[PDB]
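Q: I'm passing along work16.cif; it holds mmCIF, C-alpha atoms and all ligand atoms.
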```cif
data_upload
loop_
_atom_site.group_PDB
_atom_site.id
_atom_site.type_symbol
_atom_site.label_atom_id
_atom_site.label_comp_id
_atom_site.auth_asym_id
_atom_site.auth_seq_id
_atom_site.Cartn_x
_atom_site.Cartn_y
_atom_site.Cartn_z
ATOM 1 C CA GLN S 843 0.000 0.000 0.000
ATOM 2 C CA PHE S 844 3.099 2.214 0.322
ATOM 3 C CA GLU S 845 5.069 3.083 -2.812
ATOM 4 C CA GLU S 846 8.827 3.072 -2.356
ATOM 5 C CA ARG S 847 9.108 6.239 -4.522
ATOM 6 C CA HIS S 848 7.586 8.285 -1.788
ATOM 7 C CA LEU S 849 9.577 6.834 1.125
ATOM 8 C CA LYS S 850 12.253 9.378 2.058
ATOM 9 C CA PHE S 851 15.193 8.111 4.104
ATOM 10 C CA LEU S 852 16.063 10.020 7.282
ATOM 11 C CA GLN S 853 18.243 7.804 9.469
ATOM 12 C CA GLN S 854 18.858 4.328 10.815
ATOM 13 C CA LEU S 855 16.976 3.394 13.984
ATOM 14 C CA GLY S 856 18.191 -0.083 14.860
ATOM 15 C CA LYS S 857 20.274 -2.935 13.490
ATOM 16 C CA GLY S 858 19.613 -6.664 14.187
ATOM 17 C CA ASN S 859 20.963 -9.755 12.441
ATOM 18 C CA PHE S 860 18.890 -10.344 9.324
ATOM 19 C CA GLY S 861 17.557 -6.809 8.680
ATOM 20 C CA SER S 862 17.423 -3.270 10.065
ATOM 21 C CA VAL S 863 14.962 -0.451 10.714
ATOM 22 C CA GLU S 864 15.108 3.046 9.226
ATOM 23 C CA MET S 865 13.295 6.184 10.231
ATOM 24 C CA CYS S 866 11.792 7.441 6.960
ATOM 25 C CA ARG S 867 9.089 9.893 5.944
ATOM 26 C CA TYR S 868 6.179 8.841 3.750
ATOM 27 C CA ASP S 869 5.541 12.032 1.780
ATOM 28 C CA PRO S 870 3.668 11.392 -1.481
ATOM 29 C CA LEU S 871 2.726 15.068 -1.911
ATOM 30 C CA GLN S 872 6.446 16.009 -1.669
ATOM 31 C CA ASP S 873 5.853 18.955 0.697
ATOM 32 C CA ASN S 874 6.950 17.447 4.054
ATOM 33 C CA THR S 875 3.362 16.846 5.110
ATOM 34 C CA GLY S 876 3.788 13.067 5.140
ATOM 35 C CA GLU S 877 4.282 11.133 8.325
ATOM 36 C CA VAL S 878 7.421 9.667 9.886
ATOM 37 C CA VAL S 879 7.292 5.848 9.870
ATOM 38 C CA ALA S 880 9.688 3.022 10.692
ATOM 39 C CA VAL S 881 10.717 0.637 7.919
ATOM 40 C CA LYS S 882 12.117 -2.841 8.522
ATOM 41 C CA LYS S 883 14.290 -4.098 5.695
ATOM 42 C CA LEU S 884 16.540 -7.086 5.059
ATOM 43 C CA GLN S 885 20.316 -7.076 5.032
ATOM 44 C CA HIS S 886 20.398 -10.145 2.813
ATOM 45 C CA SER S 887 17.448 -11.513 0.834
ATOM 46 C CA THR S 888 17.707 -15.254 0.571
ATOM 47 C CA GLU S 889 14.453 -16.993 -0.171
ATOM 48 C CA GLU S 890 14.709 -18.560 3.277
ATOM 49 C CA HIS S 891 15.012 -15.063 4.748
ATOM 50 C CA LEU S 892 12.341 -13.765 2.347
ATOM 51 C CA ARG S 893 9.818 -16.468 3.283
ATOM 52 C CA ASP S 894 10.461 -16.010 6.988
ATOM 53 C CA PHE S 895 10.125 -12.227 6.608
ATOM 54 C CA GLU S 896 6.784 -12.731 4.838
ATOM 55 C CA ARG S 897 5.573 -15.073 7.583
ATOM 56 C CA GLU S 898 6.664 -12.496 10.186
ATOM 57 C CA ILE S 899 4.862 -9.727 8.281
ATOM 58 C CA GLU S 900 1.622 -11.695 8.205
ATOM 59 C CA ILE S 901 2.098 -12.463 11.914
ATOM 60 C CA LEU S 902 2.397 -8.775 12.806
ATOM 61 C CA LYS S 903 -0.539 -7.895 10.556
ATOM 62 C CA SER S 904 -2.691 -10.364 12.525
ATOM 63 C CA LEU S 905 -1.905 -8.639 15.859
ATOM 64 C CA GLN S 906 -3.799 -5.739 17.425
ATOM 65 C CA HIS S 907 -3.051 -4.783 21.027
ATOM 66 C CA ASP S 908 -2.065 -1.603 22.789
ATOM 67 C CA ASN S 909 1.349 -3.103 23.654
ATOM 68 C CA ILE S 910 2.181 -4.376 20.147
ATOM 69 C CA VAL S 911 3.800 -2.148 17.549
ATOM 70 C CA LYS S 912 1.357 -1.138 14.835
ATOM 71 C CA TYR S 913 1.763 -2.597 11.376
ATOM 72 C CA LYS S 914 1.030 0.015 8.719
ATOM 73 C CA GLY S 915 1.692 -1.652 5.385
ATOM 74 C CA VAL S 916 4.131 -3.186 2.940
ATOM 75 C CA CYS S 917 6.272 -1.751 0.151
ATOM 76 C CA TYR S 918 8.177 -3.518 -2.640
ATOM 77 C CA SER S 919 9.656 -3.691 -6.179
ATOM 78 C CA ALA S 920 10.221 -4.534 -9.001
ATOM 79 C CA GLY S 921 9.088 -7.342 -9.071
ATOM 80 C CA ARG S 922 8.534 -8.732 -5.566
ATOM 81 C CA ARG S 923 12.032 -8.061 -4.173
ATOM 82 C CA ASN S 924 13.358 -5.464 -1.722
ATOM 83 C CA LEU S 925 10.532 -6.330 0.648
ATOM 84 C CA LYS S 926 10.017 -3.713 3.344
ATOM 85 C CA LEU S 927 7.669 -3.647 6.333
ATOM 86 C CA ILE S 928 6.119 -0.320 7.360
ATOM 87 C CA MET S 929 5.307 0.220 11.036
ATOM 88 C CA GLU S 930 4.443 3.110 13.300
ATOM 89 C CA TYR S 931 7.463 5.137 14.418
ATOM 90 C CA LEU S 932 8.101 5.035 18.147
ATOM 91 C CA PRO S 933 10.099 8.076 19.154
ATOM 92 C CA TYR S 934 11.714 7.096 22.472
ATOM 93 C CA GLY S 935 13.566 4.141 21.029
ATOM 94 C CA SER S 936 14.296 0.812 22.607
ATOM 95 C CA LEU S 937 13.567 0.322 26.283
ATOM 96 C CA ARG S 938 17.231 -0.609 26.790
ATOM 97 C CA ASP S 939 18.683 2.753 25.811
ATOM 98 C CA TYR S 940 15.759 4.719 27.254
ATOM 99 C CA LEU S 941 16.259 3.123 30.650
ATOM 100 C CA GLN S 942 20.034 3.443 30.527
ATOM 101 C CA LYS S 943 19.852 7.189 29.840
ATOM 102 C CA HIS S 944 17.027 8.007 32.275
ATOM 103 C CA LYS S 945 17.986 5.739 35.175
ATOM 104 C CA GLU S 946 17.525 8.626 37.633
ATOM 105 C CA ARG S 947 13.816 9.260 36.743
ATOM 106 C CA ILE S 948 12.396 5.777 36.523
ATOM 107 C CA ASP S 949 11.419 4.371 39.889
ATOM 108 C CA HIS S 950 10.195 0.882 40.653
ATOM 109 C CA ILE S 951 6.531 1.788 40.125
ATOM 110 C CA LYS S 952 7.191 2.818 36.515
ATOM 111 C CA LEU S 953 9.242 -0.337 35.955
ATOM 112 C CA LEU S 954 6.275 -2.324 37.277
ATOM 113 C CA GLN S 955 3.986 -0.472 34.868
ATOM 114 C CA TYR S 956 6.284 -1.474 31.999
ATOM 115 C CA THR S 957 6.393 -5.027 33.368
ATOM 116 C CA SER S 958 2.634 -5.434 33.449
ATOM 117 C CA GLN S 959 2.372 -3.950 29.935
ATOM 118 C CA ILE S 960 4.901 -6.490 28.637
ATOM 119 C CA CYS S 961 2.926 -9.271 30.311
ATOM 120 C CA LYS S 962 -0.323 -8.216 28.687
ATOM 121 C CA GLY S 963 1.389 -8.112 25.296
ATOM 122 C CA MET S 964 2.910 -11.547 25.840
ATOM 123 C CA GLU S 965 -0.404 -13.041 26.949
ATOM 124 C CA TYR S 966 -2.065 -11.618 23.832
ATOM 125 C CA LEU S 967 0.675 -13.275 21.773
ATOM 126 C CA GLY S 968 -0.019 -16.551 23.547
ATOM 127 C CA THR S 969 -3.765 -16.486 22.864
ATOM 128 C CA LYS S 970 -2.905 -16.586 19.144
ATOM 129 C CA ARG S 971 -0.476 -19.449 19.914
ATOM 130 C CA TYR S 972 2.595 -17.411 18.944
ATOM 131 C CA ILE S 973 6.032 -18.007 20.458
ATOM 132 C CA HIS S 974 8.077 -14.800 20.481
ATOM 133 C CA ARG S 975 11.482 -16.503 21.107
ATOM 134 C CA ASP S 976 13.353 -13.202 21.547
ATOM 135 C CA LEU S 977 11.853 -11.393 24.561
ATOM 136 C CA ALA S 978 14.446 -8.828 25.660
ATOM 137 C CA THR S 979 14.613 -5.122 26.446
ATOM 138 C CA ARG S 980 16.369 -4.435 23.146
ATOM 139 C CA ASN S 981 13.107 -5.692 21.568
ATOM 140 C CA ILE S 982 10.806 -3.382 23.583
ATOM 141 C CA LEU S 983 10.032 0.102 22.261
ATOM 142 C CA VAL S 984 8.761 3.126 24.143
ATOM 143 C CA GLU S 985 5.763 5.061 22.879
ATOM 144 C CA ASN S 986 5.750 7.579 25.745
ATOM 145 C CA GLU S 987 6.657 7.749 29.423
ATOM 146 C CA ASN S 988 3.650 5.540 30.254
ATOM 147 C CA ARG S 989 3.431 3.037 27.370
ATOM 148 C CA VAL S 990 5.823 0.430 25.997
ATOM 149 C CA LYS S 991 5.308 -2.003 23.132
ATOM 150 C CA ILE S 992 6.789 -5.230 21.824
ATOM 151 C CA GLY S 993 8.528 -4.065 18.695
ATOM 152 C CA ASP S 994 10.199 -6.933 16.860
ATOM 153 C CA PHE S 995 8.960 -10.345 15.738
ATOM 154 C CA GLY S 996 11.761 -11.579 13.486
ATOM 155 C CA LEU S 997 12.007 -14.865 15.392
ATOM 156 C CA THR S 998 8.341 -15.408 16.238
ATOM 157 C CA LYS S 999 6.867 -18.780 15.285
ATOM 158 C CA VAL S 1000 3.347 -20.229 15.399
ATOM 159 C CA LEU S 1001 2.779 -23.433 17.329
ATOM 160 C CA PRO S 1002 1.468 -26.522 15.500
ATOM 161 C CA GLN S 1003 -1.964 -27.436 16.712
ATOM 162 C CA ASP S 1004 -1.147 -30.889 18.159
ATOM 163 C CA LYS S 1005 1.874 -29.848 20.236
ATOM 164 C CA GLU S 1006 2.723 -27.049 22.627
ATOM 165 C CA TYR S 1007 6.413 -26.625 21.848
ATOM 166 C CA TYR S 1008 8.312 -25.692 18.676
ATOM 167 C CA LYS S 1009 11.698 -27.259 17.839
ATOM 168 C CA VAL S 1010 13.932 -24.979 15.766
ATOM 169 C CA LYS S 1011 17.671 -24.252 15.558
ATOM 170 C CA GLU S 1012 18.734 -21.297 13.422
ATOM 171 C CA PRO S 1013 22.067 -20.735 11.673
ATOM 172 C CA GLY S 1014 24.213 -18.214 13.351
ATOM 173 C CA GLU S 1015 24.149 -17.598 16.990
ATOM 174 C CA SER S 1016 21.436 -17.001 19.577
ATOM 175 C CA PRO S 1017 20.806 -14.804 22.631
ATOM 176 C CA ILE S 1018 21.596 -17.808 24.787
ATOM 177 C CA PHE S 1019 21.607 -15.815 28.022
ATOM 178 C CA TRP S 1020 17.851 -15.210 27.687
ATOM 179 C CA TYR S 1021 17.131 -18.838 26.769
ATOM 180 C CA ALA S 1022 15.450 -21.431 28.942
ATOM 181 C CA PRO S 1023 17.526 -24.582 29.542
ATOM 182 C CA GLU S 1024 15.247 -26.766 27.401
ATOM 183 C CA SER S 1025 15.817 -24.325 24.527
ATOM 184 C CA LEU S 1026 19.576 -24.663 24.865
ATOM 185 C CA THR S 1027 19.489 -28.452 25.202
ATOM 186 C CA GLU S 1028 16.675 -29.574 22.885
ATOM 187 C CA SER S 1029 15.813 -26.331 21.019
ATOM 188 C CA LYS S 1030 12.259 -26.450 22.447
ATOM 189 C CA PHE S 1031 10.409 -23.129 22.444
ATOM 190 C CA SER S 1032 7.042 -22.634 24.112
ATOM 191 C CA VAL S 1033 5.129 -20.183 26.275
ATOM 192 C CA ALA S 1034 7.125 -21.431 29.269
ATOM 193 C CA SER S 1035 10.419 -20.559 27.566
ATOM 194 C CA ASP S 1036 9.012 -17.086 26.889
ATOM 195 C CA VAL S 1037 8.276 -16.925 30.636
ATOM 196 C CA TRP S 1038 11.901 -17.761 31.409
ATOM 197 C CA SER S 1039 12.988 -14.967 29.065
ATOM 198 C CA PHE S 1040 10.533 -12.559 30.683
ATOM 199 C CA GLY S 1041 12.141 -13.349 34.016
ATOM 200 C CA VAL S 1042 15.400 -12.247 32.412
ATOM 201 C CA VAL S 1043 13.707 -9.072 31.139
ATOM 202 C CA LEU S 1044 12.612 -8.334 34.702
ATOM 203 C CA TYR S 1045 16.216 -8.769 35.842
ATOM 204 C CA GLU S 1046 17.353 -6.376 33.095
ATOM 205 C CA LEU S 1047 14.791 -3.723 34.052
ATOM 206 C CA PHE S 1048 15.861 -3.820 37.665
ATOM 207 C CA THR S 1049 19.565 -3.567 36.808
ATOM 208 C CA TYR S 1050 18.745 -0.330 34.902
ATOM 209 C CA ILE S 1051 21.018 -1.737 32.153
ATOM 210 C CA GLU S 1052 24.242 -1.370 34.067
ATOM 211 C CA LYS S 1053 26.971 -2.670 31.811
ATOM 212 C CA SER S 1054 28.656 -4.912 34.389
ATOM 213 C CA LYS S 1055 25.250 -6.273 35.423
ATOM 214 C CA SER S 1056 24.126 -7.525 32.002
ATOM 215 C CA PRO S 1057 23.104 -11.203 31.832
ATOM 216 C CA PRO S 1058 26.078 -12.044 29.567
ATOM 217 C CA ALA S 1059 28.507 -10.297 31.926
ATOM 218 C CA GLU S 1060 27.026 -11.951 35.016
ATOM 219 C CA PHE S 1061 26.770 -15.424 33.475
ATOM 220 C CA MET S 1062 30.297 -15.441 32.044
ATOM 221 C CA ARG S 1063 31.775 -14.113 35.244
ATOM 222 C CA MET S 1064 29.922 -16.972 36.931
ATOM 223 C CA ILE S 1065 31.359 -19.569 34.528
ATOM 224 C CA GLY S 1066 34.737 -17.884 34.009
ATOM 225 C CA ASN S 1067 35.861 -15.648 31.154
ATOM 226 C CA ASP S 1068 38.392 -18.237 29.936
ATOM 227 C CA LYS S 1069 35.662 -20.417 28.404
ATOM 228 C CA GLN S 1070 35.224 -19.818 24.688
ATOM 229 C CA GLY S 1071 33.301 -21.225 21.762
ATOM 230 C CA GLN S 1072 30.708 -23.946 22.079
ATOM 231 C CA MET S 1073 32.072 -24.846 25.483
ATOM 232 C CA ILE S 1074 30.511 -21.618 26.861
ATOM 233 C CA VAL S 1075 27.024 -22.910 26.039
ATOM 234 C CA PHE S 1076 27.868 -26.304 27.524
ATOM 235 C CA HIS S 1077 29.055 -24.820 30.818
ATOM 236 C CA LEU S 1078 26.027 -22.522 30.927
ATOM 237 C CA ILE S 1079 23.821 -25.600 30.561
ATOM 238 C CA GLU S 1080 25.216 -27.306 33.623
ATOM 239 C CA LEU S 1081 25.289 -24.046 35.560
ATOM 240 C CA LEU S 1082 21.555 -23.675 34.999
ATOM 241 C CA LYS S 1083 20.785 -27.296 35.823
ATOM 242 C CA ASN S 1084 22.458 -26.881 39.215
ATOM 243 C CA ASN S 1085 20.161 -23.942 40.069
ATOM 244 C CA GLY S 1086 22.820 -21.351 39.333
ATOM 245 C CA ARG S 1087 20.985 -18.112 38.633
ATOM 246 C CA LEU S 1088 21.510 -14.434 37.989
ATOM 247 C CA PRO S 1089 21.946 -12.540 41.284
ATOM 248 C CA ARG S 1090 19.320 -10.267 42.761
ATOM 249 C CA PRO S 1091 19.834 -6.819 41.202
ATOM 250 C CA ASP S 1092 20.838 -3.951 43.435
ATOM 251 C CA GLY S 1093 17.809 -2.307 45.033
ATOM 252 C CA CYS S 1094 15.381 -4.961 43.786
ATOM 253 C CA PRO S 1095 12.719 -5.991 46.339
ATOM 254 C CA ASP S 1096 12.624 -9.633 47.290
ATOM 255 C CA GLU S 1097 9.063 -9.910 46.035
ATOM 256 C CA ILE S 1098 10.295 -9.059 42.528
ATOM 257 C CA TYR S 1099 13.318 -11.335 42.808
ATOM 258 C CA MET S 1100 11.015 -14.152 43.819
ATOM 259 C CA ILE S 1101 8.921 -13.572 40.707
ATOM 260 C CA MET S 1102 12.173 -13.759 38.715
ATOM 261 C CA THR S 1103 13.245 -17.024 40.355
ATOM 262 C CA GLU S 1104 9.794 -18.566 39.919
ATOM 263 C CA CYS S 1105 10.108 -17.828 36.201
ATOM 264 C CA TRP S 1106 13.501 -19.542 36.231
ATOM 265 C CA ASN S 1107 12.163 -22.870 37.436
ATOM 266 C CA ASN S 1108 13.956 -25.704 35.671
ATOM 267 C CA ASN S 1109 10.721 -27.718 35.614
ATOM 268 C CA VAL S 1110 9.077 -26.138 32.597
ATOM 269 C CA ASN S 1111 5.570 -26.840 33.949
ATOM 270 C CA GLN S 1112 6.120 -25.095 37.311
ATOM 271 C CA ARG S 1113 6.607 -21.704 35.767
ATOM 272 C CA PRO S 1114 3.905 -19.038 36.170
ATOM 273 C CA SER S 1115 1.520 -17.982 33.455
ATOM 274 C CA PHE S 1116 1.593 -14.487 31.996
ATOM 275 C CA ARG S 1117 -1.810 -13.778 33.543
ATOM 276 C CA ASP S 1118 -0.607 -14.825 37.009
ATOM 277 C CA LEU S 1119 2.466 -12.656 36.474
ATOM 278 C CA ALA S 1120 0.357 -9.650 35.520
ATOM 279 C CA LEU S 1121 -1.826 -10.250 38.600
ATOM 280 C CA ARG S 1122 1.096 -10.405 41.033
ATOM 281 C CA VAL S 1123 2.858 -7.428 39.452
ATOM 282 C CA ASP S 1124 -0.335 -5.366 39.588
ATOM 283 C CA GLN S 1125 -0.879 -6.289 43.234
ATOM 284 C CA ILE S 1126 2.678 -5.211 44.061
ATOM 285 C CA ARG S 1127 2.263 -1.946 42.157
ATOM 286 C CA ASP S 1128 -0.961 -1.294 44.080
ATOM 287 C CA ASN S 1129 0.727 -2.015 47.415
ATOM 288 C CA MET S 1130 3.441 0.510 46.533
ATOM 289 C CA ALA S 1131 0.833 3.153 45.606
HETATM 290 N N1 LIG N 1201 12.030 -3.884 18.843
HETATM 291 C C1 LIG N 1201 13.095 -3.827 18.444
HETATM 292 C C2 LIG N 1201 14.488 -3.768 17.816
HETATM 293 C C3 LIG N 1201 14.478 -3.297 16.364
HETATM 294 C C4 LIG N 1201 15.835 -3.616 15.742
HETATM 295 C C5 LIG N 1201 15.732 -3.417 14.096
HETATM 296 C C6 LIG N 1201 15.829 -4.642 13.500
HETATM 297 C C7 LIG N 1201 15.711 -5.714 14.672
HETATM 298 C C8 LIG N 1201 16.153 -4.923 15.974
HETATM 299 N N2 LIG N 1201 14.234 -1.868 16.349
HETATM 300 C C9 LIG N 1201 13.040 -1.314 16.294
HETATM 301 C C10 LIG N 1201 13.204 0.078 16.320
HETATM 302 C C11 LIG N 1201 12.095 1.137 16.285
HETATM 303 N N3 LIG N 1201 12.234 2.364 16.810
HETATM 304 C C12 LIG N 1201 11.271 3.314 16.807
HETATM 305 N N4 LIG N 1201 11.428 4.677 17.435
HETATM 306 C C13 LIG N 1201 12.823 5.096 17.756
HETATM 307 C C14 LIG N 1201 13.916 4.231 17.679
HETATM 308 C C15 LIG N 1201 15.222 4.604 17.953
HETATM 309 C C16 LIG N 1201 15.456 5.909 18.330
HETATM 310 C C17 LIG N 1201 16.876 6.353 18.659
HETATM 311 C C18 LIG N 1201 16.866 7.153 19.910
HETATM 312 C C19 LIG N 1201 18.164 7.918 20.137
HETATM 313 N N5 LIG N 1201 18.528 8.727 18.949
HETATM 314 C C20 LIG N 1201 18.616 7.906 17.718
HETATM 315 C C21 LIG N 1201 17.341 7.104 17.470
HETATM 316 C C22 LIG N 1201 14.392 6.805 18.418
HETATM 317 C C23 LIG N 1201 13.096 6.403 18.129
HETATM 318 N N6 LIG N 1201 10.123 2.978 16.247
HETATM 319 C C24 LIG N 1201 9.890 1.744 15.701
HETATM 320 N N7 LIG N 1201 8.790 1.206 15.092
HETATM 321 C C25 LIG N 1201 9.027 -0.043 14.706
HETATM 322 C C26 LIG N 1201 10.323 -0.350 15.070
HETATM 323 C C27 LIG N 1201 10.867 0.789 15.703
HETATM 324 C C28 LIG N 1201 14.595 0.262 16.405
HETATM 325 N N8 LIG N 1201 15.183 -0.934 16.418
#
```
Please express the file's structure as structure tokens.
A:
Amino acid sequence: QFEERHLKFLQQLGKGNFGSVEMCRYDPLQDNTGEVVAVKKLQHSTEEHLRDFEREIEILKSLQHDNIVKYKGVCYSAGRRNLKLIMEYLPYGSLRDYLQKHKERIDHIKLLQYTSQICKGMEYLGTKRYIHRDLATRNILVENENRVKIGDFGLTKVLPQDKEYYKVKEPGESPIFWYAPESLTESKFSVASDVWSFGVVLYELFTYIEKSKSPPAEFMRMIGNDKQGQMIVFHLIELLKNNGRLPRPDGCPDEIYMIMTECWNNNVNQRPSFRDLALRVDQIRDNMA
């Protein structure tokens, strides 16, 4: 519905592994009346990458929720190459950088607001039987001081109807420090692995993205910085299956840390649901207020 002719490049907004996102201005009248949108593009167009990008586009088109980034349209050439996804432009960027540059104005009540918003978005994803597979603060965008949104779905898969997990291993490497143990060992991805990752997101939020306190830093100072290559993953595996966990972040109440640890249960069936998480987080936020 968008013609590439009229898309005017302004700057680059974010760079991931198979594509990137540009701030551009859709201005068909050529008078700077058009609106500023975000455009996700591909860095290499294989047909594997093209088919997965199309599946992701149709996934995002099927979503509507106040904590999901808004699909706007598609744009292409010549042909059916150069595929580009148009989305609403969120002007405060990723939650990672926003929180790392405003750490002195975001108290625990606002972090709990963000947390409950993420949980509502994730539950909405689950009702459609989608597995996000990449829940992290770098993948959360900020609409304003009171609203955040899940903003990338490049790894999201739909569950088959007879099973509740999804087995997939991608080429290249993976954000293994957000991954549940069953996703490192058997490549199984489900709602419960998304709950593990959300526990990690909670940890991130309450570290305020301190650089020494990142999950990679903490995990590889727990296993030793001498490990390299595949062995890293291996050691991580055993560390997690001996109940080694990320430490409680500085200033984080024990109620929150216990939510985190309950989402890091090794038994994949003893993890909380996103609705139970939203309930507990809302009750804590109400006790603080
Ligand atoms: N999730 C997610 C990650 C995703 C990556 C791209 C490919 C995969 C990972 N990624 C999505 C956006 C993005 N950013 C905005 N706003 C916005 C963004 C950045 C700034 C910076 C602030 C400081 N100064 C320089 C600009 C300001 C405003 N809006 C958006 N809509 C849809 C996406 C999107 C950016 N990276």
Q: I'd like the neighbourhood of region 963-970 of chain S as a count of residues only, where a residue qualifies if any of its atoms comes within 12 Å (using only C-alpha atoms), though same-chain residues fewer than 2 positions away should be ignored.
A: 52
Q: Written as a compact mmCIF listing (two decimals) with C-alpha atoms, in the frame of the given file, which residues does the PyMOL selection byres (((chain S and resi 1049-1064) around 9) and not hetatm) give for the file shown?
A:
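And here is the file that came out, selection22.txt:
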```
# COMPACT_ATOMS: atom_id res chain seq x y z
CA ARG S 938 17.23 -0.61 26.79
CA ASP S 939 18.68 2.75 25.81
CA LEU S 941 16.26 3.12 30.65
CA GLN S 942 20.03 3.44 30.53
CA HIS S 944 17.03 8.01 32.28
CA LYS S 945 17.99 5.74 35.17
CA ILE S 948 12.40 5.78 36.52
CA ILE S 1018 21.60 -17.81 24.79
CA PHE S 1019 21.61 -15.82 28.02
CA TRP S 1020 17.85 -15.21 27.69
CA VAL S 1042 15.40 -12.25 32.41
CA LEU S 1044 12.61 -8.33 34.70
CA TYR S 1045 16.22 -8.77 35.84
CA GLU S 1046 17.35 -6.38 33.10
CA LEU S 1047 14.79 -3.72 34.05
CA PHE S 1048 15.86 -3.82 37.66
CA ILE S 1065 31.36 -19.57 34.53
CA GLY S 1066 34.74 -17.88 34.01
CA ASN S 1067 35.86 -15.65 31.15
CA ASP S 1068 38.39 -18.24 29.94
CA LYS S 1069 35.66 -20.42 28.40
CA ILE S 1074 30.51 -21.62 26.86
CA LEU S 1078 26.03 -22.52 30.93
CA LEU S 1081 25.29 -24.05 35.56
CA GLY S 1086 22.82 -21.35 39.33
CA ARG S 1087 20.98 -18.11 38.63
CA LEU S 1088 21.51 -14.43 37.99
CA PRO S 1089 21.95 -12.54 41.28
CA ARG S 1090 19.32 -10.27 42.76
CA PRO S 1091 19.83 -6.82 41.20
CA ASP S 1092 20.84 -3.95 43.44
CA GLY S 1093 17.81 -2.31 45.03
CA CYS S 1094 15.38 -4.96 43.79
```
Q: Within 8 Å of ligand LIG 1201 (chain N) (counting only C-alpha atoms and all ligand atoms), which residues show up? I'd like them as a PyMOL selection string.
A: chain S and resi 854-865+879-883+911-912+928-936+939-940+980-985+992-996
Q: Would you compute the distance between CA of residue 1014 (chain S) and CA of residue 1113 (chain S)? Give it in Å to one decimal.
A: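 Distance reported for this atom pair: 28.7 Å.
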Q: Quick check, in Å to one decimal: how far apart do CA of residue 927 (chain S) and CA of residue 1030 (chain S) lie?
A: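 Interatomic distance here is 28.3 Å.
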Q: Can you tell me how far CA of residue 851 (chain S) sits from CA of residue 869 (chain S), in Å to one decimal?
A: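 Going from CA of residue 851 (chain S) over to CA of residue 869 (chain S) covers 10.7 Å.
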